[PDB]
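*Asks:* I am sharing target.txt, which consists of compact mmCIF, C-alpha atoms and all ligand atoms:
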# COMPACT_ATOMS: atom_id res chain seq x y z
CA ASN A 4 79.84 54.95 79.55
CA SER A 5 82.17 57.08 77.33
CA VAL A 6 84.28 59.85 78.96
CA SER A 7 82.99 63.38 78.12
CA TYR A 8 85.30 65.84 79.98
CA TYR A 9 88.60 66.17 81.91
CA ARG A 10 88.95 68.55 84.92
CA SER A 11 92.49 69.22 86.19
CA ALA A 12 94.44 71.34 88.70
CA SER A 13 98.13 71.65 89.68
CA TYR A 14 99.91 73.07 92.75
CA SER A 15 103.65 73.13 93.62
CA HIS A 16 105.57 74.30 96.71
CA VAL A 17 109.35 74.76 97.18
CA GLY A 18 108.91 72.81 100.47
CA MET A 19 110.51 73.47 103.88
CA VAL A 20 114.21 72.63 103.13
CA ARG A 21 114.97 73.65 99.50
CA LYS A 22 114.75 77.40 98.63
CA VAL A 23 114.64 76.84 94.81
CA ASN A 24 111.74 74.93 93.18
CA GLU A 25 113.22 72.68 90.42
CA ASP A 26 109.80 70.94 90.08
CA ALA A 27 107.74 72.04 87.03
CA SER A 28 104.26 71.11 85.75
CA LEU A 29 102.07 71.60 82.66
CA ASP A 30 98.26 71.62 83.13
CA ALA A 31 96.97 71.64 79.49
CA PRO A 32 93.56 69.89 79.52
CA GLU A 33 92.85 71.94 76.32
CA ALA A 34 95.45 69.58 74.67
CA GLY A 35 94.54 66.54 76.86
CA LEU A 36 98.07 66.84 78.36
CA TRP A 37 99.27 66.84 82.00
CA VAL A 38 102.98 66.84 82.94
CA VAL A 39 105.05 66.84 86.15
CA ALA A 40 108.89 67.11 85.88
CA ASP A 41 111.31 66.87 88.87
CA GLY A 42 114.47 68.85 87.97
CA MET A 43 117.88 68.01 89.51
CA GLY A 44 121.11 70.06 89.60
CA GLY A 45 120.13 73.24 91.49
CA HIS A 46 119.16 76.66 90.06
CA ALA A 47 119.94 77.27 86.31
CA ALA A 48 120.28 73.44 85.90
CA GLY A 49 117.34 71.36 87.25
CA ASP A 50 114.68 74.08 86.76
CA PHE A 51 116.24 74.82 83.31
CA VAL A 52 115.58 71.16 82.24
CA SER A 53 112.10 70.86 83.90
CA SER A 54 110.90 74.19 82.35
CA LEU A 55 112.37 73.19 78.91
CA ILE A 56 110.36 69.92 79.23
CA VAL A 57 107.03 71.71 80.01
CA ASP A 58 107.56 74.41 77.30
CA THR A 59 108.60 71.89 74.57
CA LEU A 60 105.61 69.61 75.39
CA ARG A 61 103.18 72.59 75.56
CA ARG A 62 104.10 73.73 71.99
CA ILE A 63 103.35 70.26 70.45
CA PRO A 64 100.11 70.52 68.40
CA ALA A 65 97.19 68.51 69.89
CA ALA A 66 96.75 65.73 67.26
CA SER A 67 93.24 64.14 67.51
CA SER A 68 94.73 60.56 67.38
CA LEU A 69 96.19 59.61 70.80
CA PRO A 70 98.87 57.21 69.38
CA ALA A 71 100.14 59.90 66.93
CA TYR A 72 100.10 62.48 69.79
CA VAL A 73 102.10 60.03 72.00
CA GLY A 74 104.63 59.55 69.14
CA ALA A 75 105.02 63.37 68.93
CA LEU A 76 105.48 63.60 72.76
CA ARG A 77 108.22 60.89 72.59
CA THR A 78 110.03 62.82 69.79
CA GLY A 79 109.76 66.12 71.73
CA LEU A 80 111.29 64.43 74.81
CA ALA A 81 114.14 62.93 72.68
CA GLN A 82 114.92 66.48 71.37
CA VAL A 83 114.84 67.89 74.96
CA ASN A 84 117.17 65.05 76.10
CA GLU A 85 119.70 65.83 73.30
CA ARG A 86 119.63 69.64 73.94
CA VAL A 87 120.17 69.10 77.73
CA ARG A 88 123.05 66.64 77.02
CA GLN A 89 124.71 69.24 74.70
CA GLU A 90 124.27 72.09 77.28
CA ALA A 91 125.50 69.98 80.28
CA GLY A 92 128.56 68.84 78.26
CA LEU A 93 129.32 72.48 77.31
CA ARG A 94 129.06 73.78 80.93
CA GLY A 95 131.03 70.75 82.27
CA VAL A 96 128.50 70.27 85.14
CA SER A 97 127.99 66.83 86.79
CA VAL A 98 124.19 67.21 87.39
CA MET A 99 121.70 68.63 84.83
CA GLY A 100 118.45 66.74 84.24
CA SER A 101 114.81 66.20 85.18
CA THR A 102 112.42 63.29 85.70
CA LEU A 103 109.19 63.26 83.69
CA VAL A 104 105.69 61.83 84.16
CA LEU A 105 102.92 62.78 81.69
CA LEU A 106 99.35 61.63 81.02
CA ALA A 107 97.74 62.29 77.59
CA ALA A 108 94.01 61.54 77.14
CA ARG A 109 91.65 61.33 74.12
CA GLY A 110 88.06 60.31 75.01
CA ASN A 111 88.09 56.82 76.65
CA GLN A 112 91.85 56.17 76.08
CA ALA A 113 94.90 57.61 77.86
CA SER A 114 98.68 57.03 77.77
CA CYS A 115 101.28 57.57 80.53
CA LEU A 116 104.93 58.25 79.55
CA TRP A 117 107.51 58.50 82.36
CA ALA A 118 111.24 58.44 83.17
CA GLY A 119 112.33 58.86 86.83
CA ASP A 120 110.68 58.61 90.29
CA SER A 121 107.79 61.03 89.56
CA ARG A 122 104.57 58.97 89.70
CA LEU A 123 101.15 58.61 88.10
CA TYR A 124 98.39 57.00 90.23
CA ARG A 125 94.80 56.16 89.24
CA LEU A 126 91.90 56.36 91.74
CA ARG A 127 88.97 54.16 90.59
CA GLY A 128 86.02 53.10 92.81
CA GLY A 129 87.81 54.60 95.86
CA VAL A 130 90.85 52.29 95.20
CA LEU A 131 94.30 53.81 94.45
CA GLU A 132 96.65 52.05 92.00
CA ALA A 133 100.24 52.93 90.99
CA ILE A 134 100.42 53.15 87.14
CA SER A 135 104.07 54.24 86.81
CA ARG A 136 106.97 52.35 88.47
CA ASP A 137 110.01 54.36 89.68
CA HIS A 138 113.16 54.27 87.50
CA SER A 139 115.26 54.12 90.71
CA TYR A 140 118.10 52.01 92.16
CA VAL A 141 115.78 51.15 95.12
CA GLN A 142 112.96 49.96 92.76
CA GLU A 143 115.43 47.61 90.93
CA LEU A 144 116.50 46.14 94.33
CA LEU A 145 112.79 45.75 95.34
CA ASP A 146 111.96 44.19 91.91
CA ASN A 147 114.65 41.53 92.81
CA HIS A 157 112.86 54.80 102.90
CA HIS A 158 116.16 53.35 101.49
CA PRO A 159 119.45 55.35 101.52
CA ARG A 160 119.92 54.67 97.71
CA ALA A 161 116.59 56.50 96.92
CA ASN A 162 118.46 59.56 95.47
CA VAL A 163 119.77 57.47 92.49
CA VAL A 164 117.40 57.85 89.49
CA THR A 165 118.19 55.23 86.78
CA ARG A 166 116.38 57.09 83.95
CA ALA A 167 115.56 60.79 83.47
CA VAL A 168 115.87 63.53 80.83
CA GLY A 169 119.58 64.35 80.29
CA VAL A 170 120.98 61.31 82.21
CA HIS A 171 121.80 59.08 79.17
CA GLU A 172 122.54 59.55 75.45
CA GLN A 173 119.38 57.52 74.53
CA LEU A 174 116.35 58.53 76.66
CA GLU A 175 114.28 55.35 77.21
CA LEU A 176 110.68 56.26 78.22
CA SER A 177 108.37 53.75 79.96
CA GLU A 178 104.77 53.73 78.65
CA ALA A 179 101.46 52.42 80.08
CA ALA A 180 98.11 52.51 78.21
CA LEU A 181 94.93 53.21 80.24
CA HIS A 182 91.22 52.67 79.54
CA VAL A 183 89.47 55.68 81.17
CA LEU A 184 86.02 55.35 82.80
CA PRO A 185 83.79 58.27 83.89
CA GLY A 186 84.62 58.92 87.58
CA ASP A 187 88.32 57.93 87.22
CA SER A 188 90.87 60.20 88.99
CA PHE A 189 94.63 60.54 88.30
CA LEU A 190 97.50 61.98 90.36
CA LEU A 191 100.81 63.07 88.79
CA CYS A 192 103.37 63.97 91.50
CA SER A 193 107.06 64.46 92.27
CA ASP A 194 108.69 62.24 94.95
CA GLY A 195 108.30 65.21 97.37
CA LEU A 196 104.63 64.19 97.88
CA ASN A 197 104.90 60.36 98.25
CA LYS A 198 107.99 60.99 100.46
CA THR A 199 105.68 62.78 103.00
CA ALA A 200 102.40 60.77 102.56
CA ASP A 201 101.95 57.00 102.01
CA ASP A 202 99.58 55.58 99.35
CA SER A 203 96.62 55.08 101.79
CA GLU A 204 96.74 58.81 102.74
CA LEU A 205 97.03 59.72 99.00
CA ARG A 206 93.87 57.58 98.41
CA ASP A 207 92.11 59.43 101.31
CA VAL A 208 92.94 62.95 100.00
CA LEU A 209 92.20 62.02 96.32
CA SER A 210 88.68 60.74 97.34
CA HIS A 211 87.17 64.26 96.91
CA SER A 212 85.22 65.89 94.04
CA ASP A 213 87.39 69.01 93.50
CA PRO A 214 90.90 68.59 91.98
CA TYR A 215 91.89 72.19 93.02
CA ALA A 216 91.13 71.53 96.74
CA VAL A 217 92.68 68.00 96.39
CA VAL A 218 96.11 69.18 95.06
CA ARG A 219 96.19 71.99 97.70
CA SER A 220 95.29 69.45 100.48
CA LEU A 221 98.03 67.05 99.23
CA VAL A 222 100.69 69.83 99.28
CA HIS A 223 99.36 71.06 102.71
CA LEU A 224 99.73 67.51 104.20
CA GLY A 225 103.29 67.33 102.75
CA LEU A 226 104.17 70.81 104.13
CA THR A 227 102.65 69.72 107.51
CA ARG A 228 105.15 66.79 107.67
CA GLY A 229 108.25 68.94 107.00
CA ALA A 230 108.35 69.08 103.13
CA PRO A 231 112.03 68.00 102.75
CA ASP A 232 111.74 68.20 98.89
CA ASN A 233 109.97 70.39 96.28
CA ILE A 234 106.39 69.01 96.36
CA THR A 235 104.15 69.12 93.25
CA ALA A 236 100.68 67.56 92.79
CA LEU A 237 98.52 67.54 89.63
CA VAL A 238 95.04 65.91 89.76
CA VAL A 239 92.92 64.99 86.70
CA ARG A 240 89.27 63.84 86.95
CA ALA A 241 87.29 62.20 84.09
CA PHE A 242 83.49 62.71 83.61
MN MN B 1 114.30 67.70 92.01
MN MN B 2 112.24 65.42 94.05
Using structure tokens, write down the structure from this file.
Ligand SMILES: [Mn+2]
Ligand SMILES: [Mn+2]

*Replies:*
Amino acid sequence: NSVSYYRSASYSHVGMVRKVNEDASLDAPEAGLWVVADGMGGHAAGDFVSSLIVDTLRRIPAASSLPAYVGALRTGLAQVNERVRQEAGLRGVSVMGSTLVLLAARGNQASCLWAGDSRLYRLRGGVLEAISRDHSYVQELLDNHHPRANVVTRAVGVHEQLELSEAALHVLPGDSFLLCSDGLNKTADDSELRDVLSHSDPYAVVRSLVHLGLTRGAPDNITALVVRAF
């Protein structure tokens, strides 16, 4: 019952309103690493931060021990946070940051690190389950389609100390995972995500998710990254 192999695919689209894609992704199954980052601040700001995230995380050496790897990912994100803070302060801009959601896998164990309203879902036995929980003003109100949905309470470059949320996962053969920016779940509810994810091919699945989003007016940059365990 141990997990042998991870298949993955990613697809992003600027959408139907924005003309600059500030979404970024890293599809590195060769390092057991999958990342989606939703940049904010417009061109030369949001995409700057999201691309810096994916490039910094890509260069981290793939340590065999998942907990050590996760420690290294955390440190890399802290360094990205500090660099973005320095740059934003220098330019004097109000908005310069990016959400993050990553999944790192080693055999039968995986870890999710996230900050923002980019999500990780797990599909197991045809049942979809939200692993991450939005760092959003709305989510805090719900924990106690809302107009306060544009307020992200944690993301890279927002605060001095970046506080990442973490969730550990036991992976079974046949498990599926979806990393996405809010542009997808904003245009398809969780039951439709479960429907589209219930297919064998991650490449067709991510393209079908983005297509459904585009079909419903794609108000935001829409990115989907699907991982399947064997
Ligand atoms: Mn964005
Ligand atoms: Mn977004």

*Asks:* Give me, please, the distance in Å between CA of residue 95 (chain A) and CA of residue 50 (chain A), quoted to one decimal.

*Replies:*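 Going from CA of residue 95 (chain A) over to CA of residue 50 (chain A) covers 17.3 Å.
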
*Asks:* Using only C-alpha atoms, can you tell me which of A:69, A:118, A:99, A:6 comes closest to residue 177 (chain A)?

*Replies:* A:118

*Asks:* Neighbourhood query: residues within 9 Å of (110.3, 62.1, 74.2), file coordinates, counting all atoms listed in the file; return as an MDAnalysis selection string.

*Replies:* chainID A and resid 60 73:84 116 168 174:176

*Asks:* With C-alpha atoms kept, could you save the residues just selected as a PDB file, keeping the file's coordinate frame?

*Replies:*
ATOM      1  CA  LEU A  60     105.610  69.610  75.390  1.00  0.00           C
ATOM      2  CA  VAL A  73     102.100  60.030  72.000  1.00  0.00           C
ATOM      3  CA  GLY A  74     104.630  59.550  69.140  1.00  0.00           C
ATOM      4  CA  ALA A  75     105.020  63.370  68.930  1.00  0.00           C
ATOM      5  CA  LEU A  76     105.480  63.600  72.760  1.00  0.00           C
ATOM      6  CA  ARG A  77     108.220  60.890  72.590  1.00  0.00           C
ATOM      7  CA  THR A  78     110.030  62.820  69.790  1.00  0.00           C
ATOM      8  CA  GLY A  79     109.760  66.120  71.730  1.00  0.00           C
ATOM      9  CA  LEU A  80     111.290  64.430  74.810  1.00  0.00           C
ATOM     10  CA  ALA A  81     114.140  62.930  72.680  1.00  0.00           C
ATOM     11  CA  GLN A  82     114.920  66.480  71.370  1.00  0.00           C
ATOM     12  CA  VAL A  83     114.840  67.890  74.960  1.00  0.00           C
ATOM     13  CA  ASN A  84     117.170  65.050  76.100  1.00  0.00           C
ATOM     14  CA  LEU A 116     104.930  58.250  79.550  1.00  0.00           C
ATOM     15  CA  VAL A 168     115.870  63.530  80.830  1.00  0.00           C
ATOM     16  CA  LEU A 174     116.350  58.530  76.660  1.00  0.00           C
ATOM     17  CA  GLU A 175     114.280  55.350  77.210  1.00  0.00           C
ATOM     18  CA  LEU A 176     110.680  56.260  78.220  1.00  0.00           C
TER      19      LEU A 176
END

*Asks:* Compile the contact shell of residue 57 (chain A) as a PyMOL selection string: residues with an atom at most 7 Å away, counting only C-alpha atoms, same-chain residues fewer than 4 positions apart removed.

*Replies:* chain A and resi 28-29+38+53+61

*Asks:* Please, which residues in chain A fall within 12 Å of ligand MN 1 (chain B) when counting only C-alpha atoms and all ligand atoms, and what is the closest atom pair and distance in Å to one decimal for each, ordered by chain then residue number, as CSV?

*Replies:*
residue,atom,partner,partner_atom,distance
A:16,CA,B:MN1,MN,11.9
A:17,CA,B:MN1,MN,10.1
A:18,CA,B:MN1,MN,11.3
A:21,CA,B:MN1,MN,9.6
A:22,CA,B:MN1,MN,11.8
A:23,CA,B:MN1,MN,9.6
A:24,CA,B:MN1,MN,7.8
A:25,CA,B:MN1,MN,5.3
A:26,CA,B:MN1,MN,5.9
A:27,CA,B:MN1,MN,9.3
A:39,CA,B:MN1,MN,11.0
A:40,CA,B:MN1,MN,8.2
A:41,CA,B:MN1,MN,4.4
A:42,CA,B:MN1,MN,4.2
A:43,CA,B:MN1,MN,4.4
A:44,CA,B:MN1,MN,7.6
A:45,CA,B:MN1,MN,8.1
A:46,CA,B:MN1,MN,10.4
A:48,CA,B:MN1,MN,10.3
A:49,CA,B:MN1,MN,6.7
A:50,CA,B:MN1,MN,8.3
A:51,CA,B:MN1,MN,11.4
A:52,CA,B:MN1,MN,10.4
A:53,CA,B:MN1,MN,9.0
A:98,CA,B:MN1,MN,10.9
A:99,CA,B:MN1,MN,10.4
A:100,CA,B:MN1,MN,8.9
A:101,CA,B:MN1,MN,7.0
A:102,CA,B:MN1,MN,7.9
A:103,CA,B:MN1,MN,10.7
A:119,CA,B:MN1,MN,10.4
A:120,CA,B:MN1,MN,9.9
A:121,CA,B:MN1,MN,9.6
A:162,CA,B:MN1,MN,9.8
A:163,CA,B:MN1,MN,11.6
A:164,CA,B:MN1,MN,10.6
A:167,CA,B:MN1,MN,11.1
A:192,CA,B:MN1,MN,11.6
A:193,CA,B:MN1,MN,7.9
A:194,CA,B:MN1,MN,8.4
A:195,CA,B:MN1,MN,8.4
A:196,CA,B:MN1,MN,11.8
A:231,CA,B:MN1,MN,11.0
A:232,CA,B:MN1,MN,7.4
A:233,CA,B:MN1,MN,6.6
A:234,CA,B:MN1,MN,9.1
A:235,CA,B:MN1,MN,10.3

*Asks:* So that I have them on file, write out the residues from the current selection with C-alpha atoms, as a PDB file, in the coordinates of the input.

*Replies:*
ATOM      1  CA  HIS A  16     105.570  74.300  96.710  1.00  0.00           C
ATOM      2  CA  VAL A  17     109.350  74.760  97.180  1.00  0.00           C
ATOM      3  CA  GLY A  18     108.910  72.810 100.470  1.00  0.00           C
ATOM      4  CA  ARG A  21     114.970  73.650  99.500  1.00  0.00           C
ATOM      5  CA  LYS A  22     114.750  77.400  98.630  1.00  0.00           C
ATOM      6  CA  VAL A  23     114.640  76.840  94.810  1.00  0.00           C
ATOM      7  CA  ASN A  24     111.740  74.930  93.180  1.00  0.00           C
ATOM      8  CA  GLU A  25     113.220  72.680  90.420  1.00  0.00           C
ATOM      9  CA  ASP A  26     109.800  70.940  90.080  1.00  0.00           C
ATOM     10  CA  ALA A  27     107.740  72.040  87.030  1.00  0.00           C
ATOM     11  CA  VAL A  39     105.050  66.840  86.150  1.00  0.00           C
ATOM     12  CA  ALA A  40     108.890  67.110  85.880  1.00  0.00           C
ATOM     13  CA  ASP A  41     111.310  66.870  88.870  1.00  0.00           C
ATOM     14  CA  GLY A  42     114.470  68.850  87.970  1.00  0.00           C
ATOM     15  CA  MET A  43     117.880  68.010  89.510  1.00  0.00           C
ATOM     16  CA  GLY A  44     121.110  70.060  89.600  1.00  0.00           C
ATOM     17  CA  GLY A  45     120.130  73.240  91.490  1.00  0.00           C
ATOM     18  CA  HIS A  46     119.160  76.660  90.060  1.00  0.00           C
ATOM     19  CA  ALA A  48     120.280  73.440  85.900  1.00  0.00           C
ATOM     20  CA  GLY A  49     117.340  71.360  87.250  1.00  0.00           C
ATOM     21  CA  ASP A  50     114.680  74.080  86.760  1.00  0.00           C
ATOM     22  CA  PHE A  51     116.240  74.820  83.310  1.00  0.00           C
ATOM     23  CA  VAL A  52     115.580  71.160  82.240  1.00  0.00           C
ATOM     24  CA  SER A  53     112.100  70.860  83.900  1.00  0.00           C
ATOM     25  CA  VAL A  98     124.190  67.210  87.390  1.00  0.00           C
ATOM     26  CA  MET A  99     121.700  68.630  84.830  1.00  0.00           C
ATOM     27  CA  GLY A 100     118.450  66.740  84.240  1.00  0.00           C
ATOM     28  CA  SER A 101     114.810  66.200  85.180  1.00  0.00           C
ATOM     29  CA  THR A 102     112.420  63.290  85.700  1.00  0.00           C
ATOM     30  CA  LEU A 103     109.190  63.260  83.690  1.00  0.00           C
ATOM     31  CA  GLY A 119     112.330  58.860  86.830  1.00  0.00           C
ATOM     32  CA  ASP A 120     110.680  58.610  90.290  1.00  0.00           C
ATOM     33  CA  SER A 121     107.790  61.030  89.560  1.00  0.00           C
ATOM     34  CA  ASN A 162     118.460  59.560  95.470  1.00  0.00           C
ATOM     35  CA  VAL A 163     119.770  57.470  92.490  1.00  0.00           C
ATOM     36  CA  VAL A 164     117.400  57.850  89.490  1.00  0.00           C
ATOM     37  CA  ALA A 167     115.560  60.790  83.470  1.00  0.00           C
ATOM     38  CA  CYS A 192     103.370  63.970  91.500  1.00  0.00           C
ATOM     39  CA  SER A 193     107.060  64.460  92.270  1.00  0.00           C
ATOM     40  CA  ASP A 194     108.690  62.240  94.950  1.00  0.00           C
ATOM     41  CA  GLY A 195     108.300  65.210  97.370  1.00  0.00           C
ATOM     42  CA  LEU A 196     104.630  64.190  97.880  1.00  0.00           C
ATOM     43  CA  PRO A 231     112.030  68.000 102.750  1.00  0.00           C
ATOM     44  CA  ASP A 232     111.740  68.200  98.890  1.00  0.00           C
ATOM     45  CA  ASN A 233     109.970  70.390  96.280  1.00  0.00           C
ATOM     46  CA  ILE A 234     106.390  69.010  96.360  1.00  0.00           C
ATOM     47  CA  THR A 235     104.150  69.120  93.250  1.00  0.00           C
TER      48      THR A 235
END

*Asks:* Which is closer to ligand MN 2 (chain B) than all the others in A:181, A:47, A:161, A:221, using only C-alpha atoms and all ligand atoms?

*Replies:*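 Among A:181, A:47, A:161, A:221, it is A:161 that comes nearest to ligand MN 2 (chain B).
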
*Asks:* For residue 217 (chain A), list every protein, DNA or RNA residue within 7 Å, evaluated using all atoms listed in the file, and leave out those in the same chain fewer than 6 positions away; present the list as a tab-separated table (two decimals) with C-alpha atoms, in the frame of the given file.

*Replies:*
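In the end it all went to out_19.tsv:
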chain	number	residue	atom	x	y	z
A	208	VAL	CA	92.94	62.95	100.00
A	209	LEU	CA	92.20	62.02	96.32
A	211	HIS	CA	87.17	64.26	96.91

*Asks:* Can you tell me how far CA of residue 130 (chain A) sits from CA of residue 147 (chain A), in Å to one decimal?

*Replies:*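 These atoms are spaced 26.2 Å apart.
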
*Asks:* Interatomic distance between CA of residue 180 (chain A) and CA of residue 203 (chain A)?

*Replies:*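 It comes out at 23.8 Å.
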
*Asks:* Near residue 226 (chain A), within 7 Å and counting all atoms listed in the file, which residues show up once chain neighbours fewer than 4 positions away are dropped, as a ChimeraX atom specification?

*Replies:* /A:18-19,222,230

*Asks:* Write out as a list in words each polymer residue whose atoms come within 12 Å of residue 182 (chain A), counting only C-alpha atoms; drop sequence neighbours fewer than 4 positions from it.

*Replies:*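 Residues near the query, excluding close chain neighbours: residues 4, 5, 6, 107, 108, 109, 110, 111, 112, 113, 114, 115, 125, 127, 134, 187 and 241 of chain A.
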
*Asks:* Counting only C-alpha atoms and all ligand atoms, which residue out of A:183, A:65, A:236, A:126 sits closest to ligand MN 2 (chain B)?

*Replies:*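 Distance minimum relative to ligand MN 2 (chain B) lands on A:236.
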
*Asks:* Counting all atoms listed in the file, which of A:197, A:124, A:218, A:239 gets nearest to ligand MN 2 (chain B)?

*Replies:*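 Answer, going by the shortest atom-to-atom distance: A:197.
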
*Asks:* Select, from A:122, A:220, A:142, A:72, the residue with the minimum atom-to-atom distance to ligand MN 2 (chain B), counting all atoms listed in the file.

*Replies:*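 Among the listed residues, A:122 lies closest to ligand MN 2 (chain B).
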
*Asks:* Quick one: of A:9, A:14, A:37, A:242, who's nearest to residue 105 (chain A), counting only C-alpha atoms?

*Replies:*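 Result for the nearest residue to residue 105 (chain A): A:37.
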
*Asks:* Complete the atom set of region 5-28 of chain A to N, CA and C atoms and return it as a PDB file, in the frame of the given file.

*Replies:*
ATOM      1  N   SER A   5      80.992  56.393  77.909  1.00  0.00           N
ATOM      2  CA  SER A   5      82.170  57.080  77.330  1.00  0.00           C
ATOM      3  C   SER A   5      82.488  58.326  78.161  1.00  0.00           C
ATOM      4  N   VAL A   6      83.765  58.687  78.195  1.00  0.00           N
ATOM      5  CA  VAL A   6      84.280  59.850  78.960  1.00  0.00           C
ATOM      6  C   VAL A   6      84.017  61.109  78.137  1.00  0.00           C
ATOM      7  N   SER A   7      83.390  62.103  78.762  1.00  0.00           N
ATOM      8  CA  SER A   7      82.990  63.380  78.120  1.00  0.00           C
ATOM      9  C   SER A   7      84.059  64.463  78.325  1.00  0.00           C
ATOM     10  N   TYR A   8      84.595  64.606  79.538  1.00  0.00           N
ATOM     11  CA  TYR A   8      85.300  65.840  79.980  1.00  0.00           C
ATOM     12  C   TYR A   8      86.390  65.491  80.982  1.00  0.00           C
ATOM     13  N   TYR A   9      87.461  66.281  80.969  1.00  0.00           N
ATOM     14  CA  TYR A   9      88.600  66.170  81.910  1.00  0.00           C
ATOM     15  C   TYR A   9      88.740  67.493  82.660  1.00  0.00           C
ATOM     16  N   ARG A  10      88.611  67.443  83.987  1.00  0.00           N
ATOM     17  CA  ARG A  10      88.950  68.550  84.920  1.00  0.00           C
ATOM     18  C   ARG A  10      90.344  68.300  85.458  1.00  0.00           C
ATOM     19  N   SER A  11      91.114  69.359  85.685  1.00  0.00           N
ATOM     20  CA  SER A  11      92.490  69.220  86.190  1.00  0.00           C
ATOM     21  C   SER A  11      92.885  70.449  86.992  1.00  0.00           C
ATOM     22  N   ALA A  12      93.846  70.265  87.881  1.00  0.00           N
ATOM     23  CA  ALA A  12      94.440  71.340  88.700  1.00  0.00           C
ATOM     24  C   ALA A  12      95.843  70.905  89.101  1.00  0.00           C
ATOM     25  N   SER A  13      96.729  71.876  89.278  1.00  0.00           N
ATOM     26  CA  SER A  13      98.130  71.650  89.680  1.00  0.00           C
ATOM     27  C   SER A  13      98.492  72.644  90.776  1.00  0.00           C
ATOM     28  N   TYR A  14      99.348  72.208  91.689  1.00  0.00           N
ATOM     29  CA  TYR A  14      99.910  73.070  92.750  1.00  0.00           C
ATOM     30  C   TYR A  14     101.289  72.535  93.114  1.00  0.00           C
ATOM     31  N   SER A  15     102.246  73.447  93.252  1.00  0.00           N
ATOM     32  CA  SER A  15     103.650  73.130  93.620  1.00  0.00           C
ATOM     33  C   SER A  15     104.063  74.018  94.782  1.00  0.00           C
ATOM     34  N   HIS A  16     104.970  73.522  95.608  1.00  0.00           N
ATOM     35  CA  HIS A  16     105.570  74.300  96.710  1.00  0.00           C
ATOM     36  C   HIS A  16     107.043  73.939  96.822  1.00  0.00           C
ATOM     37  N   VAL A  17     107.880  74.946  97.062  1.00  0.00           N
ATOM     38  CA  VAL A  17     109.350  74.760  97.180  1.00  0.00           C
ATOM     39  C   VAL A  17     109.632  73.755  98.304  1.00  0.00           C
ATOM     40  N   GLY A  18     108.742  73.672  99.291  1.00  0.00           N
ATOM     41  CA  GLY A  18     108.910  72.810 100.470  1.00  0.00           C
ATOM     42  C   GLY A  18     109.500  73.583 101.636  1.00  0.00           C
ATOM     43  N   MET A  19     110.058  72.866 102.606  1.00  0.00           N
ATOM     44  CA  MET A  19     110.510  73.470 103.880  1.00  0.00           C
ATOM     45  C   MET A  19     112.027  73.383 104.023  1.00  0.00           C
ATOM     46  N   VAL A  20     112.727  72.752 103.080  1.00  0.00           N
ATOM     47  CA  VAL A  20     114.210  72.630 103.130  1.00  0.00           C
ATOM     48  C   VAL A  20     114.813  73.380 101.938  1.00  0.00           C
ATOM     49  N   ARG A  21     114.473  72.971 100.717  1.00  0.00           N
ATOM     50  CA  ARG A  21     114.970  73.650  99.500  1.00  0.00           C
ATOM     51  C   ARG A  21     114.432  75.089  99.475  1.00  0.00           C
ATOM     52  N   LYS A  22     115.182  75.998  98.847  1.00  0.00           N
ATOM     53  CA  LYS A  22     114.750  77.400  98.630  1.00  0.00           C
ATOM     54  C   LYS A  22     114.597  77.704  97.141  1.00  0.00           C
ATOM     55  N   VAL A  23     114.889  76.732  96.275  1.00  0.00           N
ATOM     56  CA  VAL A  23     114.640  76.840  94.810  1.00  0.00           C
ATOM     57  C   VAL A  23     113.761  75.665  94.412  1.00  0.00           C
ATOM     58  N   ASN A  24     112.667  75.959  93.709  1.00  0.00           N
ATOM     59  CA  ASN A  24     111.740  74.930  93.180  1.00  0.00           C
ATOM     60  C   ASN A  24     112.236  74.488  91.804  1.00  0.00           C
ATOM     61  N   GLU A  25     112.775  73.274  91.711  1.00  0.00           N
ATOM     62  CA  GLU A  25     113.220  72.680  90.420  1.00  0.00           C
ATOM     63  C   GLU A  25     112.108  71.804  89.849  1.00  0.00           C
ATOM     64  N   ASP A  26     111.022  71.601  90.605  1.00  0.00           N
ATOM     65  CA  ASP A  26     109.800  70.940  90.080  1.00  0.00           C
ATOM     66  C   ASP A  26     109.141  71.878  89.067  1.00  0.00           C
ATOM     67  N   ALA A  27     108.573  71.312  88.011  1.00  0.00           N
ATOM     68  CA  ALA A  27     107.740  72.040  87.030  1.00  0.00           C
ATOM     69  C   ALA A  27     106.528  71.188  86.682  1.00  0.00           C
ATOM     70  N   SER A  28     105.484  71.823  86.176  1.00  0.00           N
ATOM     71  CA  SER A  28     104.260  71.110  85.750  1.00  0.00           C
ATOM     72  C   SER A  28     103.658  71.827  84.552  1.00  0.00           C
TER      73      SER A  28
END
